[PDB]
2 protein chains.
Amino acid sequence: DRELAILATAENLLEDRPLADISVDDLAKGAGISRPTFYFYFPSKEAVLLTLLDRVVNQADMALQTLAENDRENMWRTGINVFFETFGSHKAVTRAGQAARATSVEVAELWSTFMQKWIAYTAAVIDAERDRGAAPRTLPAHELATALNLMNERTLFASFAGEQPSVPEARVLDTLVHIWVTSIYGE
Amino acid sequence: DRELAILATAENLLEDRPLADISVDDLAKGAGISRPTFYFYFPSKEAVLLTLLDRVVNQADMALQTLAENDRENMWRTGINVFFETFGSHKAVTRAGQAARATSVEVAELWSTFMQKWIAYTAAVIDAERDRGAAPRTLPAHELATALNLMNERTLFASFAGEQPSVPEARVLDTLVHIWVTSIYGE
Ligand SMILES: CNCc1ccc(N2CCCCC2)cc1
Ligand SMILES: CNCc1ccc(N2CCCCC2)cc1
Ligand SMILES: CNCc1ccc(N2CCCCC2)cc1
Ligand SMILES: CNCc1ccc(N2CCCCC2)cc1
């Protein structure tokens, strides 16, 4: 399938260079198609990135939904790990998709919708923990959930991209889980 | 002074539109100078932004240094508030400077150097709290400090920019302080 070959080529090329340094000819060439055939499937390379990002985000969303449908520290660690493993398996798409937020309304909306959904879920679990007496009623659950999920987005991204500063990738899950558990269950 | 007029004009224009939508003629016109006179002071509008960002970051750094040279929850709240009030007083420069990270090595290095400095300081205070028995020895202090400061960067930025999702600006200091205090002092 030619559309899949375009997507595979784009992800492969994003490992080596940013989207600005990839041409439609590069994408068409790697996919084994002509430039006009490429434009049948996508109007631009930015549309290719949007489709790649949608597939990665959808993969994380489906894994989280699978977890949601089935100790306290391990509960949170298993969910945070979905983000760690899913986006960490597509670091080039993740990095390019984060950068495209500044210039693409569709990319920004894709990220925003996903984040709002799992912030709302986080808040609902915190509320449930408070209802059963396991967690104290401290901050508004939705505000706490927002900050913790923004921390995870920024901190996981830093670890993936090798940024300075960053938590080493091999330490970042423990670091985030500690902060989540102490801030959710601590007085 | 013509350089200051350029900087003032750029900050004023960044409140209304991004840097891509501001021309050197716009900057020169607002500053009351010609285009070639502008290029005496700055080689590009991106250099103007870099200078603006350097002034804002330096303002925060000097305020933090003043605090460092002079209860536990209030100690952390007063320091986090430096970031809240300094960058919140220059939201347009802050937003443009964050966006320029993706394309400017000098902007990225400016942010990185500042962040590394106050992560190192945060870690040193955490270590001091552990040395005097006030905080438990849980995560490596530098890793904990890294995640907490990345949370603050991402979460304050979201609140300033009106992003969705975000913590409301009037709630964001309480939210961050809670997470810092529980994760630093909690077992
Ligand atoms: C039964 N709840 C399973 C579960 C499902 C999802 C999560 N996460 C926690 C990390 C943020 C997304 C939601 C945590 C636990
Ligand atoms: C509620 N949203 C939680 C969330 C947490 C982390 C992320 N990211 C996405 C960017 C790469 C790091 C993981 C995205 C969403
Ligand atoms: C005596 N220590 C004062 C003090 C100075 C700086 C801070 N911050 C805390 C927020 C991150 C930057 C460092 C906290 C407390
Ligand atoms: C250790 N660095 C801490 C830090 C915390 C917050 C920020 N930001 C800068 C972007 C706007 C929100 C505040 C920058 C640095």
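- The name that the PDB entry assigns to chain A is HTH-type transcriptional regulator EthR, with the source organism given as Mycobacterium tuberculosis.
- This structure appears in the PDB under the title "Structure of Transcriptional Regulatory Repressor Protein - EthR from Mycobacterium Tuberculosis in complex with compound 2 at 1.68A resolution".
- Quoted verbatim from the Function heading of the UniProt record, the comment on chain A is "Involved in the repression of the monooxygenase EthA which is responsible of the formation of the active metabolite of ethionamide (ETH)."
- Comment text from UniProt for chain A, heading Subunit, reads "Homodimer."

1. Concerning the relation of the copies chain A and chain B
Then comes step 1: Structural alignment of chain A on chain B gives an RMSD of 0.0 Å, achieved by rotating through 180° and translating 0.0 Å along the axis. A rotation of that kind, with that shift, is consistent with a two-fold axis. Distance from the rotation axis, computed per C-alpha, reaches its smallest value in chain A at A:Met151: 2.1 Å.

2. Let's talk about the site of ligand 2
Then comes step 1: In the vicinity of ligand 2, 14 residues are found, and the nearest of them are A:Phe83, A:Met115, A:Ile119, A:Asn149 and A:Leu156.
Then comes step 2: Among the elements of the structure, helix 5 (72-88), helix 6 (91-100), helix 7 (105-131) and helix 8 (141-160) of chain A are those that each provide at least two residues to the shell around ligand 2.

3. So, the packing of aromatic side chains
Then comes step 1: With the rule as written, the count across this model stands at 18 aromatic pairs over all chains.
Then comes step 2: Measuring from centroid to centroid gives 5.4 Å for A:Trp76 and A:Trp180, while their planes differ by 50°, and the two rings are tilted. Of this pair, A:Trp76 sits in helix 5 while A:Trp180 sits in helix 9 (residues 169-185); the two residues are 104 residues apart in sequence, bridging distant segments of the chain.
Then comes step 3: Relative accessible area serves as the criterion here: at 7%, A:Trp76 is assigned to the buried category.
Then comes step 4: Exposure remark for A:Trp180: the relative accessible area of 3% places this residue in the buried category.
Then comes step 5: Seen from the ring of B:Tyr185, B:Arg72 lies directly overhead, with NZ or CZ sitting 4.4 Å from the centre.

4. Some thoughts on the pattern of salt bridges
Then comes step 1: Throughout the structure, instances matching the rule amount to 24 salt bridges over all chains.
Then comes step 2: With its nearest N and O atoms 2.6 Å apart, the salt bridge here joins A:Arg154 to B:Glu153. Taken together, the residues A:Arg154 in helix 8 and B:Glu153 in helix 8 (residues 141-160) connect one chain to another.
Then comes step 3: Of the charged contacts, one joins A:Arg171 and A:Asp174 as a salt bridge, the two residues approaching to 2.9 Å between their closest N and O atoms.

5. Quick word on the domain arrangement of chain A
Residues and elements named next belong to chain A.
Then comes step 1: Domain boundaries in chain A define domain 1 (1-44) and domain 2 (45-187).
Then comes step 2: Domain 1 and domain 2 are separated by 29 Å when their C-alpha centres are compared.
Then comes step 3: Each partner contributes residues to the interface: domain 1 has 17 residues there, and domain 2 has 13 residues.
Then comes step 4: For the pair domain 1 and domain 2, the number of links is zero salt bridges.
Then comes step 5: Seen at the junction of domain 1 and domain 2, the total is seven residue pairs in polar contact.
Then comes step 6: Among the elements that take part in the side of domain 1 that touches domain 2, helix 1 (residues 2-14) stands out by supplying six residues, more than any other.
Then comes step 7: Looking at the side of domain 1 that touches domain 2 residue by residue, the class counts come to 13 nonpolar, one polar and three charged.

Cut-offs used in this document
Residues numbered from 1 in each chain as written, not as in the entry; some residues may be left out. Chains lettered and ligands numbered in written order. Heavy atoms only, no water. Residues with missing side-chain atoms left out of burial classes, pairs and counts. UniProt positions renumbered as here; feature names shortened; annotations may be inferred. Least-squares fit on C-alpha atoms. Near = heavy atom within 4 Å. Helix = DSSP H or I, 4+ residues; strand = E, 2+ residues; numbered from the N terminus. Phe/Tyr/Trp six-rings, centres within 6.5 Å; stacked < 30°, edge-to-face > 60°. Buried < 20%, exposed > 50% of the residue type's maximum accessible area, 1.4 Å probe, protein only. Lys NZ or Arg CZ within 6 Å of the ring centre and 35° of its normal. Salt bridge = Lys/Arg side-chain N within 4 Å of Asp/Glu carboxyl O. Domains from an automatic or database assignment. Contact = heavy atoms within 4.5 Å. Polar contact = N/O pair within 3.5 Å; in protein donor to acceptor, adjacent residues only side chain to side chain. Nonpolar A, V, L, I, M, F, W, Y, C, P; charged D, E, K, R; others polar.

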